[PDB]
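Residue numbers (the authors' numbering), protein chains in the order written: chain A, 2 to 342; chain A', 2 to 342; chain A'', 2 to 342. A prime marks a further copy of an entry chain.
The beta-carbon is built from N, C-alpha and C at its ideal position, and this holds for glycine as well.
Report on the structure given below.
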Amino acid sequence: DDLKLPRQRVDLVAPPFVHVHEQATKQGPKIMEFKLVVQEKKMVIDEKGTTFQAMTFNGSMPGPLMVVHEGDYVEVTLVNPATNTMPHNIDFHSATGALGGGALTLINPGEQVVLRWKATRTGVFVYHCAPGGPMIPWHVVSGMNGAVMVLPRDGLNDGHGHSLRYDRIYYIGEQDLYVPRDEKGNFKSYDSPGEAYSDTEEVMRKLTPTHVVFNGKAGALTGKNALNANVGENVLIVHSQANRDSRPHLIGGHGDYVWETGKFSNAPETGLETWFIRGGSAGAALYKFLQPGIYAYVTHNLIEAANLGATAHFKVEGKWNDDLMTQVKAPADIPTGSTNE
Amino acid sequence: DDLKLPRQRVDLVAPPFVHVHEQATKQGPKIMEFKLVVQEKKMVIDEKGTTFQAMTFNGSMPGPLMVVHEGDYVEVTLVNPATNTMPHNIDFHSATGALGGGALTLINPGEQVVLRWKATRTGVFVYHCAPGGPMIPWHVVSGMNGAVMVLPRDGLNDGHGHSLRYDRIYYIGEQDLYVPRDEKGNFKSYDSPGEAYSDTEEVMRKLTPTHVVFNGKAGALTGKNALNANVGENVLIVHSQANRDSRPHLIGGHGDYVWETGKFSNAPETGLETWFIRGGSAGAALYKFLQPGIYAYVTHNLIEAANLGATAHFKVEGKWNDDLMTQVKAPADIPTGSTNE
Amino acid sequence: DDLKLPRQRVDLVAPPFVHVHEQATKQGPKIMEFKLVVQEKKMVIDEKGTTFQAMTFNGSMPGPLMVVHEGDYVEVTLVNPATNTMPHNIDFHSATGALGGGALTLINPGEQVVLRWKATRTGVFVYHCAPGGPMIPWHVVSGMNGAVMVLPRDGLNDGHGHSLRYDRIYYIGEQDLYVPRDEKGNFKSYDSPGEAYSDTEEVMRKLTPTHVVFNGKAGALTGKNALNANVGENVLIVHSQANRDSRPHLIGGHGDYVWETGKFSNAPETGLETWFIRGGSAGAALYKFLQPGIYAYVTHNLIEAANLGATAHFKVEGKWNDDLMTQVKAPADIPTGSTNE
Ligand SMILES: OC[C@H]1O[C@@](CO)(O[C@H]2O[C@H](CO)[C@@H](O)[C@H](O)[C@H]2O)[C@@H](O)[C@@H]1O
Ligand SMILES: OC[C@H]1O[C@@](CO)(O[C@H]2O[C@H](CO)[C@@H](O)[C@H](O)[C@H]2O)[C@@H](O)[C@@H]1O
Ligand SMILES: OC[C@H]1O[C@@](CO)(O[C@H]2O[C@H](CO)[C@@H](O)[C@H](O)[C@H]2O)[C@@H](O)[C@@H]1O
Ligand SMILES: OC[C@H]1O[C@@](CO)(O[C@H]2O[C@H](CO)[C@@H](O)[C@H](O)[C@H]2O)[C@@H](O)[C@@H]1O
Ligand SMILES: OC[C@H]1O[C@@](CO)(O[C@H]2O[C@H](CO)[C@@H](O)[C@H](O)[C@H]2O)[C@@H](O)[C@@H]1O
Ligand SMILES: OC[C@H]1O[C@@](CO)(O[C@H]2O[C@H](CO)[C@@H](O)[C@H](O)[C@H]2O)[C@@H](O)[C@@H]1O
Ligand SMILES: O=N[O-]
Ligand SMILES: O=N[O-]
Ligand SMILES: O=N[O-]
Ligand SMILES: O=N[O-]
Ligand SMILES: O=N[O-]
Ligand SMILES: O=N[O-]
Ligand SMILES: O=N[O-]
Ligand SMILES: O=N[O-]
Ligand SMILES: O=N[O-]
Ligand SMILES: [Cu+2]
Ligand SMILES: [Cu+2]
Ligand SMILES: [Cu+2]
Ligand SMILES: [Cu+2]
Ligand SMILES: [Cu+2]
Ligand SMILES: [Cu+2]
């Protein structure tokens with residue numbers, strides 16, 4: 002027992018929600034204990050009911066958000082149940098050495114492994130499966146990726162000596178999927194990930210996804226699963242993309258404070274319209290809602306947002322501010338005396 | 002008449018030129034009145050005379066640049082003449098609430114609407130049509146996008162307490178187009194936007210444009226329509242892309258001061274070779290010309306620049322500086338006594 | 002002889018290595034003399050032995066890294082031997098005027114030219130061939146690109162008044178290739194660049210590379226050609242991409258200090274997981290190795306990294322730090338008393 006710190010077990014929750022944590026803490030460093038269970042399963046990924054052979058951490062795309070503080074140790078039990086068919090591992094971009102932990106965590110079905118890494122770098126970071134060779138992109142684009150957030154012990158700041166505090170936090174994992182089609186253009190179904198592999202690899206090689214989804218499927222964060230907020234709330238939106246670039250935009254809003262490279266040692270940019278998540282990274286945006294109503298959160302390739310699945314909704318309760326925006330005259334017939342050339 | 006400020010009507014001009022404005026102002030806030038008229042029309046988009054069914058604000062791709070100051074109110078009359086076939090609206094990324102104004106501006110052919118938004122955020126911002134669902138990307142990649150610039154009341158600064166002033170300003174709108182081809186590879190023509198839609202949507206789904214153009218067509222800003230400048234002039238180049246990333250580069254020059262995320266609350270970067278406009282945003286670069294001659298302004302995917310239409314020219318008058326660059330020896334035969342292995 | 006400075010001949014070396022230079026210097030400005038010889042040749046670009054008709058500076062993809070100091074003059078002899086079939090030239094993104102030198106350097110086979118440019122802008126910059134029109138992207142994606150580094154005379158700094166010094170420097174040139182296929186999907190071979198052109202241009206038009214390689218071929222910087230370092234060494238990694246965006250990531254490491262836009266007048270970002278090289282630019286990352294072992298350096302589009310060739314290896318000698326990372330429990334059977342739902 003060389004490392005003599007207090008241990009704290011964390012129960013992970015399904016995205017887009019985030020397990021209970023403190024922003025600022027005066028506790029010393031702890032060993033923060035997490036468990037991730039690999040689950041291979043068929044999942045529905047679009048509104049027409051297209052299925053595909055997914056591979057996940059904890060049964061979700063993305064994997065759950067892990068939250069710790071700078072100087073904590075993160076002790077992860079990775080479990081690969083014997084119902085799975087492939088070996089898996091885990092690479093933390095937040096970690097130092099052994100390919101992020103991938104070189105120490107390769108487990109066959111029926112095995113588990115325990116990795117400990119010190120959280121020396123602040124920010125939001127991708128984690129993902131990386132077995133080796135062509136298996137790396139295949140496991141990642143099959144759904145085996147998530148994120149970890151390492152907060153400064155004093156919480157967030159604006160990089161100019163002022164504390165920032167969020168009222169709410171959501172984790173938006175964006176997934177590029179490569180679903181094979183038959184000669185007529187219909188999506189193909191398979192009985193196992195292994196059976197899907199050869200056809201999937203051919204789609205992956207052309208670098209054009211068939212679907213781009215938040216929280217594992219088209220429409221996942223729309224309708225009844227819209228994200229909730231209130232006028233005046235500072236909301237932190239963590240956005241990850243393990244394989245492909247994304248350009249997040251809150252329609253009707255802004256990024257008040259944006260860490261687009263996702264690392265809290267760097268001051269955020271202010272008042273962004275659209276920001277950029279480089280493939281293989283996580284970023285974070287803080288926004289204080291000023292108006293009630295529906296907001297679409299998109300990647301601002303609008304073809305991807307509207308036609309390949311990459312739209313989420315916020316439903317924001319409160320009172321409308323007519324000073325910021327108003328309809329001066331409702332839609333009306335163009336006046337007869339108008340010239341419009 | 003709740004809002005009791007002076008009103009000022011602005012006459013918009015066609016890109017790449019920009020309507021008359023002040024950089025720094027000591028006037029108080031005003032209500033700045035703009036009119037945009039939707040025009041659906043067939044347009045020529047390449048040097049071989051390829052046509053396509055465009056949808057525009059004010060008859061141009063991009064729509065005109067609107068320039069206001071922080072704290073102004075922007076009152077926009079959007080007009081959809083009864084010669085048009087579809088409903089349209091407008092979303093300002095500069096605006097707060099109601100999906101940027103899109104939720105308050107949906108008008109059928111024969112209708113107009115008046116929206117007012119407060120310019121609380123400084124920078125250059127995209128505006129675009131966003132009717133709903135798959136219509137959003139279709140109207141945007143059909144040409145319905147432009148930009149607005151919200152200047153600080155004191156004009157631009159270098160983020161270190163020094164004022165920056167431009168001698169000239171150009172607005173470069175970049176458009177990704179998706180033109181259907183027949184089985185032989187020839188571009189297809191249609192008699193209406195509606196007739197083009199199904200085939201166009203199939204091209205859009207593969208996320209590879211057929212054309213990438215500045216100011217609405219290949220070669221628009223070359224030859225006689227080259228952009229003019231003089232040695233010693235500080236030129237502001239505003240660049241927008243509503244749907245797809247761009248990487249602007251001034252061949253033979255630099256970006257002296259670049260806001261690549263386009264927001265003047267953030268200090269510019271200095272001395273860039275190539276900068277990055279994320280899809281769904283506008284950015285701005287200031288350069289002081291040091292040498293006369295021809296400059297190509299490109300997106301530095303050179304396939305897009307040279308083969309899909311995304312090249313503009315600057316013609317710069319003045320005297321050559323042999324200290325910065327000189328031809329020491331003109332092309333000559335390789336000397337007989339040379340070894341070149 | 003208007004310019005009366007000392008002259009210094011530099012001997013270039015093949016990437017990923019870099020010719021001998023000083024970081025900080027108290028010498029005054031010099032005329033730094035470089036020679037580049039164009040070589041068209043068939044080259045092997047993947048591990049299955051696929052060939053293609055390359056065009057190179059000095060026989061390598063990328064061209065060699067040139068290193069000078071701010072205020073130096075760079076005098077380049079470009080040679081196009083009569084064994085070559087096409088005209089060539091050179092454009093320096095570091096240079097001011099005449100399209101970066103391209104307008105002053107166009108040479109037929111059997112000719113040479115001497116260009117001098119003043120190094121007024123600090124950073125890493127792309128250089129590339131740019132003959133004119135569609136020849137520009139074709140020569141660049143055929144391999145005619147490299148980089149130049151213009152150091153501040155005081156060497157690198159962290160943008161907050163602290164000197165940064167590297168123990169080692171590597172230049173990673175990333176190349177997107179467009180190799181034609183026959184109807185069965187096999188790569189086509191040609192006897193000359195001219196014969197390859199028409200088929201290659203058709204692949205280039207669809208903006209999807211067939212290969213993405215470091216140092217000219219899949220696996221070039223793996224196995225026996227892994228990059229060497231030691232625990233505790235600060236290593237500068239210069240990364241260029243003349244045509245297409247890249248997202249570099251050091252697997253198991255970080256970017257301690259990253260200039261992603263590549264320009265030393267701007268403070269670096271700290272502690273990045275993944276950074277972004279915009280097509281048509283060079284960037285630089287400093288990392289101090291903390292753990293021994295194998296590191297993969299990738300573009301974090303993992304399809305490109307694992308399946309299209311864009312992976313390099315570092316082999317790092319030293320002692321493992323179990324405080325940063327440890328395997329707490331080796332792979333073992335899942336305990337019988339475990340519940341994993
Ligand atoms: O996309 C090609 C072609 O295939 C069809 C079916 O023949 O539709 C498929 O692809 C669509 C777009 O991805 C999906 O909407 C649908 O689930 C799938 O069957 C054609 O409609 C289409 O032109
Ligand atoms: O800098 C972050 C900041 O943006 C704020 C200003 O305090 O608001 C932006 O939009 C508001 C709209 O009323 C204005 O107060 C302000 O002028 C503008 O930059 C906050 O919401 C937040 O702290
Ligand atoms: O691009 C496919 C194929 O189509 C042809 C005509 O059969 O040319 C078309 O496409 C070209 C590239 O976009 C355009 O230059 C031209 O306007 C269009 O007819 C072939 O030339 C080409 O291989
Ligand atoms: O920082 C902006 C600045 O770049 C300037 C320097 O004042 O010039 C750059 O190129 C010039 C070439 O002669 C040099 O003065 C300077 O050393 C270099 O950084 C201006 O054009 C502008 O203010
Ligand atoms: O990629 C299409 C198709 O072509 C085949 C040969 O028929 O393989 C070629 O393409 C592969 C992927 O690029 C290469 O691995 C190989 O060198 C090349 O022959 C098929 O295997 C493949 O489905
Ligand atoms: O800011 C650059 C800096 O990162 C350093 C800190 O000095 O290390 C990072 O990782 C180390 C792991 O032990 C820690 O010292 C530090 O807390 C963390 O930010 C150096 O390697 C380098 O100077
Ligand atoms: O130690 N107090 O939180
Ligand atoms: O399955 N994803 O939330
Ligand atoms: O572990 N890979 O299939
Ligand atoms: O009020 N003077 O510009
Ligand atoms: O039609 N565009 O300038
Ligand atoms: O309003 N859309 O076609
Ligand atoms: O002049 N001394 O290096
Ligand atoms: O051929 N390239 O190193
Ligand atoms: O010089 N171009 O083939
Ligand atoms: Cu896996
Ligand atoms: Cu990774
Ligand atoms: Cu419209
Ligand atoms: Cu938008
Ligand atoms: Cu060439
Ligand atoms: Cu260039």
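Compute the minimum distance between the beta carbon of residue i and the heavy atoms of ligand 16, and state whether it is under 7 Å.
| i | result |
| --- | --- |
| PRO82 of chain A'' | no |
Work out the CA separation of residue j and residue i for me, nearest whole Å.
| i | j | result |
| --- | --- | --- |
| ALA15 of chain A' | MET150 of chain A' | 15 Å |
| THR121 of chain A | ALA25 of chain A | 16 Å |
| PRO138 of chain A'' | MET87 of chain A'' | 14 Å |
| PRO210 of chain A'' | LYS5 of chain A | 52 Å |
| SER61 of chain A'' | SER193 of chain A'' | 18 Å |
| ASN59 of chain A'' | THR262 of chain A | 36 Å |
| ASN226 of chain A | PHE126 of chain A | 25 Å |
| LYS218 of chain A'' | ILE304 of chain A'' | 16 Å |
| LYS330 of chain A' | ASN341 of chain A' | 18 Å |
| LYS289 of chain A'' | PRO181 of chain A'' | 41 Å |
Could you name the residues of chain A that residue i contacts, counting a contact when the two beta carbons are closer than 9 Å?
| i | result |
| --- | --- |
| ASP177 of chain A'' | What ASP177 of chain A'' touches in chain A: nothing, since even the nearest Cβ is about 11 Å away. |
Does at least one heavy atom of ligand 20 sit under 7 Å from the Cβ of residue i?
| i | result |
| --- | --- |
| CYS130 of chain A' | no |
At 8 Å on the CB atoms, spell out the chain A' contacts of residue i, in chain order.
| i | result |
| --- | --- |
| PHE290 of chain A'' | Within chain A', no residue comes near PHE290 of chain A''; the closest Cβ sits about 29 Å away, beyond 8 Å. |
Would you give the residue range spanned by the alpha helix (DSSP H) that residue i belongs to?
| i | result |
| --- | --- |
| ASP200 of chain A'' | 194 to 206 |
| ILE304 of chain A | 303 to 308 |
If you run the structure through DSSP and keep just helix, strand and coil, what is residue i?
| i | result |
| --- | --- |
| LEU228 of chain A' | strand |
| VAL114 of chain A'' | strand |
| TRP260 of chain A' | strand |
| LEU100 of chain A'' | helix |
| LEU325 of chain A'' | coil |
| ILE108 of chain A'' | strand |
| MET145 of chain A' | coil |
| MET136 of chain A'' | helix |
| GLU23 of chain A'' | coil |
| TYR172 of chain A'' | strand |
| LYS316 of chain A' | strand |
Note the first and the last residue of the continuous beta strand (DSSP E) segment covering residue i.
| i | result |
| --- | --- |
| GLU76 of chain A' | 74 to 81 |
| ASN244 of chain A | It is not in any beta strand (DSSP E) - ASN244 of chain A carries neither H nor E in the DSSP assignment. |
| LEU251 of chain A' | 249 to 252 |
| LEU287 of chain A' | 282 to 289 |
Chain A partners of residue i, CB-CB under 8 Å?
| i | result |
| --- | --- |
| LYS119 of chain A' | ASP324, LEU325, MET326 |
| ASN244 of chain A' | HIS301, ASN302, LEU303, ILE304 |
Residue i: beta carbon under 7 Å from a heavy atom of ligand 18?
| i | result |
| --- | --- |
| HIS140 of chain A' | yes |
List, in order along the chain, the chain A'' residues whose C-beta lies closer than 7 Å to that of residue i?
| i | result |
| --- | --- |
| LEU105 of chain A | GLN328 |
| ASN267 of chain A | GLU270, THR271 |
| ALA297 of chain A' | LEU100 |
Taking Cβ-Cβ distances shorter than 7 Å, what residues in chain A pair up with residue i?
| i | result |
| --- | --- |
| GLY134 of chain A' | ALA307 |
Can residue i be considered in contact with ligand 14, in the sense that its beta carbon sits closer than 7 Å to one or more heavy atoms?
| i | result |
| --- | --- |
| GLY319 of chain A'' | no |
Within 7 Å: the Cβ of residue i and any heavy atom of ligand 2?
| i | result |
| --- | --- |
| residue 406 of chain A' | Shown here, chain A' extends from 2 to 342; a query on residue 406 of chain A' therefore has no answer. |
Check whether the Cβ of residue i lies closer than 7 Å to any heavy atom of ligand 11, and answer yes or no.
| i | result |
| --- | --- |
| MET67 of chain A' | no |
Just to confirm, does residue i get its C-beta within under 7 Å of one of the non-hydrogen atoms of ligand 10?
| i | result |
| --- | --- |
| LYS31 of chain A' | no |
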